[PDB]
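Here's a solo chain for you in structure tokens, the form deposited in one PDB entry.
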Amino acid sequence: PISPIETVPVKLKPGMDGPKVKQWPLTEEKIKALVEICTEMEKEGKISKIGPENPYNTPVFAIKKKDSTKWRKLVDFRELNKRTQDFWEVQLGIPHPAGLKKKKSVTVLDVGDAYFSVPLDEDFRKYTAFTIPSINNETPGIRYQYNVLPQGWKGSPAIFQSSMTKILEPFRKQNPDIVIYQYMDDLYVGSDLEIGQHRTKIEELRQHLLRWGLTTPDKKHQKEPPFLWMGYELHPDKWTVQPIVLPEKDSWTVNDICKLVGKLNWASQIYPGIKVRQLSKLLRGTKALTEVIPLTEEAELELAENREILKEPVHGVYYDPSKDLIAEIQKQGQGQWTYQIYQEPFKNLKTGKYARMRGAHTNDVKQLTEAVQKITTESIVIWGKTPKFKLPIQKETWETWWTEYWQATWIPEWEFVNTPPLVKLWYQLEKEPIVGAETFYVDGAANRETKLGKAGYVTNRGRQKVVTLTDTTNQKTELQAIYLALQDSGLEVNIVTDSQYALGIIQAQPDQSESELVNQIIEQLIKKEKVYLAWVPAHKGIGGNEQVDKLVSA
């Protein structure tokens, strides 16, 4: 049937006209499928034969449905989509099984011919014109236009989702205690009723949908667990993902690596310890999606790790609102973090990974704070509740960090977990100059035109040193001078620089950097007992800085 719901008014973008695009040849198999679909849709008023005086056309095609012997009729509406008005998408996110609470009785319903049961704006129907070619000599081929929502139009998803919400509103208002998760036309219906009063409510809901033109065929009416829903298996007290099948390809292209990383990221929602760092780094410079890439031995090892992880069986549990949410975070190297969200010690609600590299220079406390933020937002999305944290960092480390840091930073209620590798600050700059340490006035200068430079230091004990560099910059010369001073100093050193750049970098206590030079500096700083970093205005005649400025600027 077709829903008696009022249509959604849609207009073309100002100054635009409907599409005029010739139909491309199609297989006789696909043409037979299209004629079988179209004569049935035309008998039911979902499409109407147009004749002349319809100047528009868009190419159509068909593909086999997901897991059926049925055909899906698609239209390549890309030109019309270019020329159609803008919509505001109402699908704000994707429901997650970990957000489901335990229910007495559960049903899953799929709506039949979902799009084709919702009317389309009568004024807009002209631009949806299409043609079937009917490859035979004896059959001419028929032109149709859509009276319902087409598959391939930009506006069909939002219109269908809003219309389904409209249709479900009365049933929800009459049945507040019955829960209906509504993905596009999938309906998950849970209730605290016994099986038998649940089934009568489900029949009332099916009658409600049928009165609004939406059928719920029995072939997709799931009545007993496990329920197949949103790519998951929902058992009574545990859930899981339908099996992940990683590509076992031998040689790997960019597309193969993207598919591998996507499958691993999808699997990481319930599989702990998934890492995609080296596999993703494999994608850096490649200028085409078809290029073959030799795998790094690091990438091969990481992939084998992920494989062995995926071999194990794992489930998730459902949400209990009367308990606390607990997130626990573990660290791997290379800026990778895994997390588990649960309420009872060894019963995960879900798991996840955070690996974003933010900033040219950072440390593990920054990354841990970013992971806490990410998990907070995700758990607000899924549960509307902020979780309580278990982090591998000591209260002393955190208080030191947010004492020394100049930015505002904070983490919610948390508890130290003694599972290594712990998160720690790897060095702390002194707050006052250290007595007895040698004082290094450092500087660097670079010829902006020829890109040659010098980096050097002058010490208060008489030592002076200048190093010439090529293909360098001012900032690089300053960093190189600080590195030189770290190299030639004892376990305790005072350093005076004129560089806000290098000072701001080193003050933030980084332990990892995408710059090899900063990495060398970090190693030096970790090897030192005490370091004090003072700043002075450049080119002001401040003693010490003036001597190095005169030496480095030959």
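Residue positions are given as counts along the sequence shown, with the first one as 1.
Below, we refer to the form deposited with a small molecule bound, which is not included among the displayed structures.
K.L.:
Only one of 324-332, 183-191, 339-347, 411-419 has heavy atoms within 4.5 Å of the small molecule in the entry with it bound; I'd like to know which.
P.N.:
Checking each option against the 4.5 Å cut-off leaves 183-191.
K.L.:
Considering only heavy atoms, tell me if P226 and the small molecule come within 4.5 Å of each other in the entry with it bound.
P.N.:
It does: once the small molecule is placed as it appears in the entry with it bound, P226 has a heavy atom within 4.5 Å of it.
K.L.:
Does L234 make contact with the small molecule in the entry with it bound, using a 4.5 Å heavy atom cut-off?
P.N.:
Contact with the small molecule, yes.
K.L.:
Is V108 near the small molecule? Define near as a heavy atom within 4.5 Å, in the entry with it bound.
P.N.:
Yes.
K.L.:
Spell out, yes or no, whether the shortest heavy atom distance between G273 and the small molecule in the entry with it bound is within 4.5 Å.
P.N.:
No.
K.L.:
Using heavy atoms only and a 4.5 Å cut-off, determine which of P133, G155, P95, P392 is in contact with the small molecule in the entry with it bound.
P.N.:
Spelling it out, the residue with a heavy atom inside the cut-off is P95.
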